[PDB]
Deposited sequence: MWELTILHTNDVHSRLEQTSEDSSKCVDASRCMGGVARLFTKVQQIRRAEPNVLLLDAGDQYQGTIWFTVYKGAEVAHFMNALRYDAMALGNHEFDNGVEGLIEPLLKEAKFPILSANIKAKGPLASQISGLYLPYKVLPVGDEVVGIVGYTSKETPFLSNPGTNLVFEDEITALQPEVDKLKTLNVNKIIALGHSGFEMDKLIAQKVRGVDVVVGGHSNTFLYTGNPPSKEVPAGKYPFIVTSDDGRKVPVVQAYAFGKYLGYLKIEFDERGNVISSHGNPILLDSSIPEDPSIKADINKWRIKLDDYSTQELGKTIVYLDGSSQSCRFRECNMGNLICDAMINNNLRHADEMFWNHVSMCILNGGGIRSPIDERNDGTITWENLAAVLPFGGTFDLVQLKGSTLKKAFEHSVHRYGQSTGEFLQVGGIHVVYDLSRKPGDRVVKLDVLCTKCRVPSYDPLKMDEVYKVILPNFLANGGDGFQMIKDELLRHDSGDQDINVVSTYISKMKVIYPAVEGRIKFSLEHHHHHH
C-alpha cells in the first residue's frame, strides 16, 4: 500500500572519484566504476522514478585515500550534502582523528542527521557534543514518517581513537529503549541503520522488537539475489531475511564497500507500518551509468590540491601488487611480502616480520606504465601507523600464528602476512592447533637459513604498532612481549624502499602454505 525505496552505501572509505574494478585508483576511465558523481546519477534517476525515497549511509565514510589525508572529513560533508543524503550512521573510522576530527569537519558541516543510539558521552565532552549527533530521527517521507535509529560497533574504543569520554554500549541494549520510544510516538515504520557487521545486523533484526529493516556496514558484506554483476561473491540473498523472535520477517541489507555498488531495497508497507514484502539488489555503479557533469566538475575543482601527491613517481612495478582483502586475508599476497621486505630492509639485527592482512587496504595496478605515486601508497597504508620493533618468545609467535587462522574463512584482517618466516597451516585441525610447520630465519647464525621455531628461544620481529598494542585480538603479543621500540612511519618505510629498489616485482613465494592432510 505504501512503498518506500531505501538506497544505501557503507564502507565508502574516501572513494570520492571513480575507481578501478578492484577499488584502487582509476587509470582506464572507459571501464571505471563508483565515485560520488556516478552515485549521484543513479540516485537522481531513482528519485525521479520513485516518489518515496531515502538515501542513507551505514558508516565508514572516513579514511581510505589521499582525499581524507588532505581534507580530513571536509570532503565527506561537502559531497554527502551535494548528493543530499537523508541520514548517516557513525562508523568506527569516523573516530580515527579523535572526537575533534569528527566534530569540526563533519558534524557541524553536515545538512543531514548523524545517528548512533549506543554512544553515550560522559564528563566534559557530553556538554559540547550534545545535539551534533542523535540516537534517532523521525524523517517525513511524503505523507508518512519513518524513524531511523543508529548503532556503532561496540568495539570502536579498541578499533579507533574515540577517547575516554565516549562510552559504547551494547547495540541491542541501547537500541530497544529508543525503538520503544519511537513506537510510543506512533512511529510504526522504523529502520535500524548502523555500523557493527553483518552478524550484529542479523542479531539486531532478531532481538530488537519493532525494527522493520536493518541497513548496515562494517563487514563489507555483499548480498545478491541471482547472478551477480562483478567479481564480488554474495554472502547471501538480497535482502537477507531474519525471522525475528516475534515471528516477523525482517530484511537485512549491506552494499559491499568503496562506493562500487549502490544498495537498493523496495519495502512495501501496509497502513500499520508492517512489512508486507520487500525486494531489491545492489546496483553496480559501472561505466554504463554516466558521472553527473555538475558533480564531476566539482570533484575536479577539489582534485587540484591533491595533484602534488600524484606528480612524484616513487618507483615502478612490473607486477600487480595484490593488496585486496580476498587474497591478503586468506592467502600469502605479494603486497604483504613487499611491505614486510620494506619493513625488514628499513631496520637493517632483525630478520622476521608479521603484518596483519587487514592493514593492507588497497591494491596497486601495473597497467599505468607501472608507475607508483604517493597517492597509490596513501590508499594501501592510510592509517599512518608505525612499524615498531618487538622482542618475542617462540611460544608468543606460535600463539600469534594460531590466532592468525583461529576463525579462518570470515574475511577477518587478523590473518598475518610475513617476511623471514615460513608457515604451514592445516585447516582440518582444531582452532588453536592449526600451525603444522613454522620455520624462521635464524639470527644467531653466520649464514641465515630456515630452521624450526623453538618455543623457549627469543626472536626479534618488526610489526605494525597496531599489533604491538594488542590490536586484532593479538593480546598475547602485548602481554607476553619482552621489549617494544617505536619505529618509522609506515608510508615513509614502503615509500623509501620503493625509491631504493626503483623497479619492484614482489611475488607469492611460499612463505604461507596450506596442507592437504
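Participant: Could you give the ranges of the deposited sequence that carry no C-alpha coordinates?
Facilitator: Several stretches lack coordinates - namely 349-357, 527-532, in sequence order.
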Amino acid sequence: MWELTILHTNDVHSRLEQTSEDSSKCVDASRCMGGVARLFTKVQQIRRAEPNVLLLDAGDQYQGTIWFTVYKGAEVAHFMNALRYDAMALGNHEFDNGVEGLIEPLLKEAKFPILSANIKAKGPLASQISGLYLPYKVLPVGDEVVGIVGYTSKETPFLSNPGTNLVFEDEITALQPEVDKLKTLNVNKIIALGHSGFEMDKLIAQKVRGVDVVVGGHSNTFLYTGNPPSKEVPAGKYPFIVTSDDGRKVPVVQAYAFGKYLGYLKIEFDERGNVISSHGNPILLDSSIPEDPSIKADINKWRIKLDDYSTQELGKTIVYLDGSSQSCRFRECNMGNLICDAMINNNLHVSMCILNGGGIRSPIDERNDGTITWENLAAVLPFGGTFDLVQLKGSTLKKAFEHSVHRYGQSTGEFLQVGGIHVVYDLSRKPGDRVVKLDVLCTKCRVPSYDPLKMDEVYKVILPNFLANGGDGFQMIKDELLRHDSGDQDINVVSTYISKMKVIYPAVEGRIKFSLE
From here on, numbers count along this sequence of modelled residues.
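Participant: Quick one: higher average CA temperature factor, 284-292 or 385-393?
Facilitator: According to the entry, 385-393 carries the higher average C-alpha B-factor.
Participant: If you average the CA temperature factors as listed in the entry, which stretch comes out higher, 49-57 or 487-495?
Facilitator: Result of the comparison: 487-495.
Participant: Say you rank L321, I129, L438, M80 by Cα B-factor from the PDB entry; which sits at the top?
Facilitator: Going by the entry's C-alpha B-factors, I129 comes out highest.
Participant: Tell me which of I114, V213, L355, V447 tops the list for C-alpha B factor in the record.
Facilitator: It is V447.
Participant: Ordered by C-alpha B-factor within the chain, which third holds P452? Give me lowest, middle or highest, please.
Facilitator: Its C-alpha B-factor belongs to the middle third of this chain's values.
Participant: C-alpha B factor of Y136, ranked within the chain: lowest, middle or highest third?
Facilitator: Lowest third of the chain for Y136's C-alpha B-factor.
Participant: According to the PDB entry, is the CA B factor of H13 in the bottom, middle or top third of its chain, that is, lowest, middle or highest?
Facilitator: According to the entry, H13 has a C-alpha B-factor in the chain's lowest third.
Participant: Using the B-factors in the PDB entry, rank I276's C-alpha atom against the chain and give the third, lowest, middle or highest.
Facilitator: Middle third - that is where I276 ends up once the chain's C-alpha B-factors are sorted.
Participant: Just say lowest, middle or highest third for the CA B-factor of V167 relative to the other modelled residues in its chain.
Facilitator: Ranked within chain, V167 CA B lands in the highest tercile.
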